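Visitor: Structure provided below as structure tokens; questions to follow.
Here, each number is a calculation from the coordinates, and none is a lab measurement. When we count neighbours, we look across all protein chains shown, and the Cβ atoms used for this are built from the backbone with ideal geometry, even at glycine.
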Amino acid sequence: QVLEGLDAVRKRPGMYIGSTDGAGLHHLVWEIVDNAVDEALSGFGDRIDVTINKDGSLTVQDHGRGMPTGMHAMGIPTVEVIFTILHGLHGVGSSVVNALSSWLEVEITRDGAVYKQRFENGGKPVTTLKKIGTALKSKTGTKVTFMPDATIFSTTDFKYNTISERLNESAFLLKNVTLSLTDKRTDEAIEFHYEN
Ligand SMILES: CCNC(=O)c1cc2c(-n3ccc(C(F)(F)F)n3)c(-c3cncc(C(=O)O)c3)cnc2[nH]1
């Protein structure tokens, strides 16, 4: 298996996300949401919150275990490896989203600590995974916020109705997990939850 850096994604986006139109833009949302959904399917976290921010960025927050906060090789955080190397690694498409974003932030909460790493300009880390604060030991989760790269996509406008429909469908497949969407541009909001 040949590993590659994020440049490879930026030079052939359609190979990873299908296109660079609205469909491809929204593929970025699906990749991050799917990470949260996979974690919930494994039994960790009962709500997944999606927010379309006023600045055009998008946030997905889960309440799962939190990504591992330890080191890979050479003092490089596991989180950094997941977000900057691909074949995406270990079952997530986070690296593809990072590659196609002008910036991305990942915040992890677990073990009484809050950690954050920031990437810019197609996934170049501008910080390490830094402890930024504390939380109760019972608090766990992962939050990812990204700004899609306007130099790549023909549209960077997230569509509320498109996201709403997909999250509704995901809530129906998952069961017993609340999927929420909030649009800070318009104040629109909706939640989905299907019991079984
Ligand atoms: C908001 C979007 N959520 C994520 O992208 C997300 C990834 C993720 C995750 N990860 C997905 C891949 C990875 C890993 F490769 F970094 F381990 N973590 C794990 C996780 C997975 N496997 C083990 C543990 C653990 O605590 O032992 C944790 C837990 N929550 C997650 N949310």
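Visitor: Which value at 222 nm does the chain reach when only helices count, each DSSP H run of 4 or more adding -39,500 (n - 2.57), with the total divided by all residues and rounded to the nearest 500 deg cm²/dmol?
Guide: -8500 deg cm²/dmol
Visitor: Report ³J(HN,Hα) in whole Hz for each residue of the stretch 99-113, in order, from the Karplus equation J = 6.51 cos²θ - 1.76 cosθ + 1.60 where θ = phi - 60°; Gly and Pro get x.
Guide: Computed from phi, the couplings for the stretch 99-113 are 4, 9, 10, 6, 7, 8, 10, 10, 10, 10, 10, 5, 6, x, 10 Hz.
Visitor: Right, another one. Could you pull out every residue, at least 5 positions away or on a different chain, whose amide H is within less than 5 Å of the one on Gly64? Hs are placed 1.01 Å off N in the peptide plane, and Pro or chain starts have none.
Guide: Those qualifying (amide H under 5 Å, at least 5 residues apart or on another chain) are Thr142.
Visitor: Sticking with this structure for a sec: Can you put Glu195, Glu105 in order, fewest other beta carbons within 10 Å first?
Guide: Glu195, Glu105
Visitor: Using the Cα centre of the chain as the reference point, and only Cβ charges (+1 on K/R, -1 on D/E), how large is the resulting charge dipole? Debye, rounded to the nearest 20.
Guide: I would put it at about 620 debye.
Visitor: In what sequence, highest mean first, do 161-171, 106-116, 126-136 appear when ranked by Cβ atoms within 10 angstrom?
Guide: The peptides rank, most packed first, as 106-116, 161-171, 126-136.
Visitor: Now, a different point. Can you put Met67, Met147, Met74, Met15 in order, fewest other beta carbons within 10 Å first?
Guide: Ascending Cβ contact count within 10 Å gives the list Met74, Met15, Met147, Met67.
Visitor: Beyond 28 Å between alpha-carbons counts as too far, so tell me which of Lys54/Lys143; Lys139/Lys159; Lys143/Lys184; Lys54/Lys116; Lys131/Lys159; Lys116/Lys137 fall in that bin.
Guide: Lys139/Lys159; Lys131/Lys159
Visitor: For every other residue with a beta carbon closer than 12 angstrom to the beta carbon of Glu4, add +1 if it is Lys or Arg and -1 if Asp or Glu, then tell me the sum.
Guide: Charge balance near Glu4 sits at +2.
Visitor: Highest mean first, how do 119-125, 77-83 rank when packing is the count of other Cβ atoms within 10 Å averaged over residues?
Guide: By packing density, highest mean first, the sequence is 77-83, 119-125.
Visitor: If you take every residue apart from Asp49 with its C-beta less than 12 Å away from the C-beta of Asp49, what net charge results, scoring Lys and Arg +1 and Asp and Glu -1?
Guide: -1
Visitor: What ³J(HN,Hα) values, in whole Hz, does the Karplus curve 6.51 cos²θ - 1.76 cosθ + 1.60 give for the stretch 48-60 when θ = phi - 60°, with x put for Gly and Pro?
Guide: Along the stretch 48-60, the couplings run 10, 10, 10, 10, 8, 7, 4, 6, x, 6, 9, 10, 10 Hz.
Visitor: Still on this structure, I have one more. Can you put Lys139, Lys175 in order, fewest other beta carbons within 10 Å first?
Guide: Starting with the residue having the fewest Cβ neighbours, the order is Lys175, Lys139.
Visitor: What does the charge add up to near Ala189, with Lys and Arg as +1, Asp and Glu as -1, over the other residues with Cβ less than 13 Å from its Cβ?
Guide: -3
Visitor: With label points built 7 Å along Cα→Cβ from the Cα atoms of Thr134 and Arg12, find their separation and express it in nm.
Guide: 5.0 nm
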